[PDB]
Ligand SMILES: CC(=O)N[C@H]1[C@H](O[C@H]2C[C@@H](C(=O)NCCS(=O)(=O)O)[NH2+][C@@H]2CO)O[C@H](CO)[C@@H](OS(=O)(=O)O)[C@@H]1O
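Single chain ahead, by itself, as C-alpha cells, in the form deposited without this ligand.
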C-alpha cells in the first residue's frame, strides 16, 4: 500500500509556496509548471532549503550532485558537478530542479502525449530515474513511450504501483495529488 501512511500536504505545501516567486521564474525559463516544482519542493524538503538526506540529496528539491546535478551541468555544457553549498542556494537549487524536469521532458520522456500521464511520468522519473521507469515497459525507448501512450493517468499509476521496482515510485504520485489539492 503506497498510500500508507497518509501524507498531510498542508504544512509542507504552504512552506513550499513561500518559494513560489523563484519557482515561477525558474518554471517560465525552462517551460516547467511551477505547481509541479512547488509539489516537488513540498515532497522532497518540506520547503527547507538546507535539507540534507542520508544519500546526500541537497536543498529545496533534493538534487544530488553526482546524479541529477551532473545531468543539469551537462545540459548547460559544463563539466563536473555542483557543490553542496551551491545546492543549498534556493535560486540555484530550484532553477536546477526546473532544468532537470525539462531534461526529463525533452529527452527520455519525449513523445508522451497526455499531459497528465506526463506529469506522473515526470515525478516517477524524478524520484528514481527515467531509465528505471521506461525499462518497466521496454528496453527500447520508443516502444516504451508508445506503451505509455496507450495508458491514461490512472492506468499509468496502476502500472507503476505493480511493476516499478521502487516503492517510492507510486507513492510519489499519491503525494503529488495530495500536494496539488493543497495549493
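Residue numbers count along the first chain shown, from 1.
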property: Which of 144-152 and 119-127 has higher mean CA B factor, as the PDB entry lists it; result: 144-152
property: Entry-level comparison of average CA B-factors, 35-43 and 66-74, reporting the higher stretch; result: 66-74
property: Ranked against its chain, the third holding the CA B-factor of residue 105; result: middle
property: Lowest, middle or highest third - CA B-factor, residue 87; result: middle
property: Entry-reported Cα temperature factor of residue 165, expressed as the chain third it lands in; result: highest
property: Residue 1, C-alpha B-factor rank within chain (lowest, middle or highest third); result: highest
property: Within-chain third of residue 57 by Cα B-factor, per the entry; result: middle
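Keep in mind the form deposited with this ligand bound is missing from the figure; the text below concerns it.
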| property | result |
| --- | --- |
| Contacting member of 37, 63, 121, 148, with respect to this ligand in the bound PDB entry [4.5 Å, heavy atom] | 63 |
| Answer option from 144, 127, 32, 157, heavy atom within 4.5 Å of this ligand in the bound PDB entry | 127 |
| Heavy atom of residue 168 within 4.5 Å of this ligand in the bound PDB entry | yes |
| 4.5 Å heavy atom contact, residue 117 and this ligand in the bound PDB entry | no |
| This ligand contact at residue 138 in the bound PDB entry, heavy atom, 4.5 Å | no |
| Distance check, residue 57 to this ligand in the bound PDB entry, heavy atom within 4.5 Å | yes |
